[PDB]
Amino acid sequence: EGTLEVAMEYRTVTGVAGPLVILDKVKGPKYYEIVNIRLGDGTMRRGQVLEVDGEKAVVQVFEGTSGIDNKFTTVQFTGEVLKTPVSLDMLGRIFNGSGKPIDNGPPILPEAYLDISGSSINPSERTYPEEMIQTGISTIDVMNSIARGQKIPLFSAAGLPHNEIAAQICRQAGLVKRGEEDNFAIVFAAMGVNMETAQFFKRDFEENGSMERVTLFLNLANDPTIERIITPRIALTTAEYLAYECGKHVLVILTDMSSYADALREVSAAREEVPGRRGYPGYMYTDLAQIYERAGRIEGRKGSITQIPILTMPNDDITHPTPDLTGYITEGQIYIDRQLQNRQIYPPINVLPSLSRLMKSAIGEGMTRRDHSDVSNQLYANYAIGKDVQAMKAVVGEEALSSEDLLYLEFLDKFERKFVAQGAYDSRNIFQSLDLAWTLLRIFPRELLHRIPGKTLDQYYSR
Amino acid sequence: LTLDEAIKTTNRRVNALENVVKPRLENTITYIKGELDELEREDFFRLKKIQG
Amino acid sequence: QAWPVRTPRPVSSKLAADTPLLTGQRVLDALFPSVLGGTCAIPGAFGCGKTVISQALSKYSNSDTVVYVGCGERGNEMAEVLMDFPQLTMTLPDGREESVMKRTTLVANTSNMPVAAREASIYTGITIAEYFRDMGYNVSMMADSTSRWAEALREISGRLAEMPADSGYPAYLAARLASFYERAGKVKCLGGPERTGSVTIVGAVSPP
Amino acid sequence: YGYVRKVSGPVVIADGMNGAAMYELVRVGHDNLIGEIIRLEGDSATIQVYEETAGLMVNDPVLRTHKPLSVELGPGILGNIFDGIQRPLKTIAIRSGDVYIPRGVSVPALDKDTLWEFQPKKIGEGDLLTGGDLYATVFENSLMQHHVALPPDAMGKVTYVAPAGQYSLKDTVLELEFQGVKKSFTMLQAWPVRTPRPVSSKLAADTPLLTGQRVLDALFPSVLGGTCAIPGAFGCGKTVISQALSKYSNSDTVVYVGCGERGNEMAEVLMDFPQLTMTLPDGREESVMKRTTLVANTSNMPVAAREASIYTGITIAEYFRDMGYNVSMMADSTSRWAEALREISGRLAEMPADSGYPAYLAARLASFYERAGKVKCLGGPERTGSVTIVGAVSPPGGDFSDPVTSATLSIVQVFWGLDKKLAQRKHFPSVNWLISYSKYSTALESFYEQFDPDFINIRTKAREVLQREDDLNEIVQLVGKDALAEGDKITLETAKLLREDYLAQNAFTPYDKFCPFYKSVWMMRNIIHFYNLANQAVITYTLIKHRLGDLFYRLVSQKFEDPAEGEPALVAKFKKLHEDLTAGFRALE
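Following this line, the structure appears as structure tokens:
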């Protein structure tokens, strides 16, 4: 084997500006080589070499440039890109943003060092998601369902209970069961969460007793802004190792993706890169791809990576660059409405903008019922007509609702009342909920229904 | 009859017209400041980089 | 053979297209028709999943050959294409039963693949379709998310510190996009017999 | 050693500073102009100088400090007045005599020649001590005893302990050796503003911030060590709430922090605090300044000092919490701080973000706000303090859409929402019940039920009544009070009584200047219980309204009672009134 070499330690640091540390007289640099910077005080922090030109090197330190002296700090070039020591033993533990074990436990004994930002899967070898998931919440499963390998985020403005919904989903996560070793292992990324939210996550996960199959990658808002960018990379790399290289299906969760967007914006503004819309970097689409575009099923392996991000519209606007690019990339949306929260509904899922682009394959005959697609389409389409009827009633009066419009208004009322609402710990099965969905569709006459054929639901029978 | 007509007009103005205009004002503000102002700084920043 | 990917394939003389593109969709072929040789463009804002129309058109067009060259698109769409095109089928006038995968090629690179390859994707797609046209067929393509090949432009213009024209895109964006789109059209090919193949560019532009 | 080379406005380039460190404060020129290092390109440095740089001379000396922007803590920190960059305004004025702030003042933050009474703990001369150990306490003044904590990042076996007596900060009150080398510590601790103070464990907040106002105490409670937000731009509500916090809040200390506001406004507030006086629960009369510290940086002050004032204040609050005291910070105008940050960013030519603020504005605001919380102390003996921030916001025109407002609402747990409409309608509390909220109620429910298990149910019923108040409002608006049912009329009347009797305070009146939580709880019980007891009887609304005149008067007076009688007497009176109202509602039914 090629003989090893001890990393060269330099002291030629010849410039500091912003978060970027300049070096000179570097002997044979390497792009994206991880360099750990030791200050004169002796404290150490990591960093990446962003731009390599000639014998120079423009390093981006992690813990901040503060305290770096141009004649007393030393930089050591490890000569290798960032690598996360993934291992099967990493399950049931908590790690910092960069991966420091923070559960008062010994560090990870790596089964293999794996580089973050792993290469893409050859789409010829890529396959298609073909199985539903039993998260434990009615409205997500019944309409705009989630497939074992499908990516889909949660759109929810600030202050909404989306964190509680994520915690409930993670604690109640399970297969359809229509096995425990390959059962759902949950990788729980936490980008830029509050300390109270962090303690809540830790306590809730420890309480459900599923610590044996859940990994927390916590990154608080106190941690450096650049260190938040590598947290999703590490989480997804560990998920890739667990799923493809070990077998068990992984249900990747990342909270506050808007925090990741803000971290990207801060890092880009630091280096003065070309800005896209709203001052975000012009390559944000590619970065959000490299984060999201890993969920899927690989042909030769029995693993599967399901992605459930959690975004937050900053101004409660769907047109914001982060949610817009996500919706471009994320293959569907599960939407949460503040207006429904104003009505004191615990799971404020609004179904009008919520669609799963892979639902057309999750449904079928192996699972669910043969009337799933048509019933979902009707409860998706008649809601818009009910909203239009409500608007007409608001702008004209109660007399505007004719013998047909009043039916749509009553449909909307009952749909928002009974169907959407669910218990904080209710595992409402599909058929029991689909019966009430059929009742809601049957509030309207069985002949005015245009899109659905009568025979489709007629195959199913009440009681 | 007159009260019904006036109430219809008032409700239409409150619901449709004002809520139509205000998003238009927000979009116009975003298009100017969010793009033109950002571009102007970026253009000048690139020019200063060229000079340096 | 071999051919530079930016230099268009030579022809005898381009000529007007006068045969409609039977997409099999009511709206596409009834109100807003397209001709076999013309250029289309579908905006399809976020959440619309405009690639469903793309796939339907590729499946059911009268075009002899389809080159789905989706650039920057999600890999699951390519998985769907590779899974369904063989199992899906079409019939020919001879009466036999055959798959559409026998005539469809994908030069697609996903969004997680490196950025700079996207322009190469687009150009290789158009050159392959040009070759199939010079064969004489009524070949067609549809480049999913050509707007991704503007992010590819500006993510390079930024490294070169080129002067930003509009929203960060370089100045030649319109020029290059025209140089790409202007390669469609019915044309009498070079040499006998008198092949009169065409090529269609059903692009997709995703706006922010 | 070190000479300037290029002076382009605020930006300054100084050569011969190879050993300089990033963000290390430096003294520039003979006038001792103070500026922070930004870029260390080459062997040269780059400094932005806070005060005006006009008149600098090339090759004028530059003197390093080997320390980032730091604050000298210790005895005497309370009571005084300090600038943004930790400059004692009072002593500067006394020493210079004149009024203007000299360009290049060098007065130390705390007088190092003044004497304070010192006495050590029972520690021995050869014992072992570590960082955060409380080895002595000092009577800086009466009733504000100051503990002397051994500085963090310092530990070792005890070598010398100063016996009790009169000493000054320049004296070496403590000396100890970890290794063979020995270090001697005085009573002055320096700590950088940017670096937070070391903590042992971030506890869960479990005690409400009793502000003395019923609306904040019961409707929208705030917990010790919890963030708070105020949309304060007019109506003097910010002044009122600040005075309430200074006088009646549970906090053992208050650290007001004013940045970039109107100079005359800071003059008014800094003349108001000395006039403010608070009585002790033991009957003693004190001055709020004896427990108050004030950091005021007006608009005339340098922009960098305006940005650093907030961090200075939060570091002072953390130092106070280091000895387990409950201390409350009050950021006067976070909007002004954000504008100062924007000006600094524009000076640095950083790439603009949303609405012109730099892209790190949200991140820096979150980093600042994350320092609040109930925290276990470092080092023994065991004790626990808290730091709660009640930093206000000034949205432009009241539109809660500016990035400062959005980030603050995203980070702050409890938003109280002062409304100018209530101020126009002559509302002393001015708290809009329709927009305020308290996200910490779920965590505070433990204490809420421990004090009274029915109090939380009463609060939920009051929230439901407030929600139905607007419903009855449009009901009266569209058809009038005639269509209201007897139960609906009773609910509307009870909501109006709650709004005009308990949800509103009288401040200026001696009887309602301070509202104890006991009186608040009894008032809430006497209101909600009466509301229900009248509700289930549906009885003609007119009849019960006529026959409950005495009950209505008792409910109204349930807040007119002064706190002079104390909790045992007022609680008994409220209980008797509630029993009488219940008897009148039940017997007449």
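Going line by line, the protein sequences match chains F, M, E and A.
Heads up: the first sequence is residues 12 to 189, 200 to 484, going by the deposited numbering.
Heads up: the second sequence is residues 157 to 208, going by the deposited numbering.
Heads up: the third sequence is residues 209 to 416, going by the deposited numbering.
Heads up: the fourth sequence is residues 21 to 558, 569 to 619, going by the deposited numbering.
The beta carbon of each residue, even a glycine, is placed where N, CA and C say it ideally should be.
Around the C-beta of residue 226 (chain E), fewer than 16 other C-beta atoms lie within 10 Å, and the residue is accordingly described as exposed.
The CB of residue 174 (chain M) never comes closer than 8 Å to any CB in chain E; the least such distance is about 26 Å. Against chain F, the CB of residue 318 (chain E) has a partner CB under 9 Å away; the residue lies at that interface. Judged by DSSP secondary structure, residue 294 (chain A) falls within the alpha helix (DSSP H) whose first and last residues are 283 to 295. Close CB contacts of residue 87 (chain A) within its chain, under the 8 Å cut and outside five residues either way in sequence, are with 44, 45, 210 and 212 (chain order). Under DSSP, the beta-bridge partners assigned to residue 211 (chain A) are A:91. Using a 10 angstroms sphere on the CB of residue 282 (chain E), the tally of other CB atoms reaches 16 or more, which defines it as buried. The region 275 to 288 of chain F makes no contact with the region 15 to 23 of chain F, as fewer than three CB pairs between them are under 8 Å. Neighbours of residue 201 (chain M) in chain F, taken as residues at a C-beta separation under 7 Å, are given in chain order as 293. For residue 188 (chain M), the closest Cβ of chain F is not nearer than 9 Å. Residue range 370 to 377 is occupied by the beta strand (DSSP E) that includes residue 377 (chain F).
At a cut-off of 9 Å between beta-carbon atoms, residue 163 (chain M) makes contact with chain F. Under a 10 Å Cβ-count criterion, residue 260 (chain F) is classified as buried, with 16 or more other Cβ atoms of the shown protein chains found around its own Cβ. Taking 3 residues as the minimum length, the region 441 to 467 of chain F contains no beta strand (DSSP E) run wholly inside it. Residue 323 (chain E) has a beta carbon lying within less than 9 Å of a beta carbon in chain F.
When the beta-carbon positions are compared, residue 333 (chain F) and residue 169 (chain F) come within less than 9 Å of each other. Straight through space, the alpha carbons of residue 252 (chain E) and residue 276 (chain E) are spaced by roughly 17 Å. With respect to chain A, the C-beta atom of residue 169 (chain M) has no partner C-beta closer than 9 Å. In the DSSP assignment, residue 317 (chain A) is bridged to A:279. Excluding residues up to 5 positions away in sequence, 139 lie with their Cβ nearer than 6 Å to the Cβ of residue 184 (chain A) in the same chain.
Residue environment: residue 170 (chain M) is assigned as exposed (fewer than 16 neighbouring CB atoms within 10 Å of its CB, all protein chains considered). Within the region 323 to 340 of chain E, no residue has a Cβ lying closer than 7 Å to any Cβ of chain M. When rounded, the separation of the alpha-carbon atoms in residue 180 (chain M) and residue 403 (chain A) is 57 Å.
As summarised for the region 377 to 444 of chain A, the continuous alpha helix (DSSP H) elements at least 4 residues long and confined to that stretch are 381 to 389, 423 to 431 and 440 to 444, given in chain order. Counting C-beta atoms within 10 angstroms of its own C-beta, residue 394 (chain A) has 16 or more neighbours from the protein chains shown and is therefore classed as buried. Approximately 7 Å separates the beta-carbon atoms of residue 140 (chain F) and residue 382 (chain F); this is inside 8 Å, confirming the contact. Looking at the backbone, the Cα of residue 512 (chain A) and that of residue 235 (chain A) are separated by about 19 Å. Close partners of residue 287 (chain F) in chain A (Cβ separation under 8 Å): 379, 380 and 383.
Shown here for residue 524 (chain A): same chain residues with a beta carbon closer than 8 Å to its own, the five before and five after excluded, namely 235, 447, 448 and 449 in chain order. Interface criterion met: the Cβ of residue 369 (chain A) is under 9 Å from a Cβ in chain M. Annotated three-state conformation of residue 76 (chain F) is coil, per DSSP. Contact holds between the region 469 to 486 of chain A and the region 541 to 555 of chain A, because three or more Cβ pairs, one in each stretch, are under 8 Å apart. When C-beta distances to chain A are compared with 7 Å, the residues of the region 63 to 82 of chain F below that value are 76, 77, 78, 79, 80, 81 and 82, in chain order.
For the pair of segments examined, the region 296 to 308 of chain A was found not to touch the region 334 to 354 of chain A: the number of CB pairs separated by less than 8 Å stays below three. In the DSSP assignment, the residues bridged to residue 238 (chain F) are F:106 and F:210.
Note on residue 173 (chain F): 16 or more other CB atoms within 10 angstroms of its CB, so buried under the neighbour-count rule.
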